[PDB]
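First comes the structure, then the notes that go with it.
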């Protein structure tokens, strides 16, 4: 039921295309939403 | 006439007796669903020894 979000902001210095950074960063939890809703599909918003 | 529409009204005047002087009633209906519990009673604490 619970919906959790993990995130960490990192200042990348590497160029933008196809460069997922070769390193390690542990993502910290932000919130724990006590919803009771099933989730099967998702989409980003821009 | 012969169309008695269902809306009626009250006639509260400030010298009525009990049973006719108006009351304010609210009901707090509780329910337990499959969702996680979000509303709960207070949890008092003690000192730090």
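A compact table of results
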quantity	calculated
Among (1) within 14 Å of chain B (Cβ to nearest Cβ); (2) within 17 Å of the chain's Cα centre (by Cα); (3) surrounded by 10 or more Cβ atoms within 10 Å (Cβ to Cβ) - the single one residue A:1 does not satisfy	(2)
Residues satisfying the stated conditions in the range A:10-38, i.e. within 14 Å of chain B (Cβ to nearest Cβ) and part of a loop (DSSP other than H, G, I, E, B)	A:34, A:35, A:36, A:37, A:38
Residues within the range B:19-49 that are under 22 Å from residue B:9 (Cα atoms) and either touching a residue at least 12 places away in the same chain (Cβ under 8 Å) or within 14 Å of the chain's Cα centre (by Cα) (or both), tallied	5
Residues within the range A:19-35 that are in contact (Cβ under 8 Å) with a residue 24 or more places away in the chain and touching a strand residue (DSSP E or B) at 6+ places or on another chain (Cβ under 7 Å), tallied	6
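Condition check ((1) within 14 Å of chain A (Cβ to nearest Cβ); (2) in a loop (DSSP other than H, G, I, E, B); (3) exposed (fewer than 10 other Cβ atoms within 10 Å of the Cβ)) across all residues:
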position: B:10; (1), (2), (3): no, yes, yes
position: B:16; (1), (2), (3): no, yes, no
position: B:20; (1), (2), (3): no, yes, no
position: B:27; (1), (2), (3): no, yes, yes
position: B:32; (1), (2), (3): yes, yes, yes
position: B:35; (1), (2), (3): yes, yes, no
position: B:38; (1), (2), (3): yes, yes, yes
position: B:44; (1), (2), (3): no, yes, yes
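None of the figures in this text is laboratory data; all of them are computed from the coordinates on show. Backbone-built Cβ (ideal geometry, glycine too); neighbour counts: all protein chains shown.
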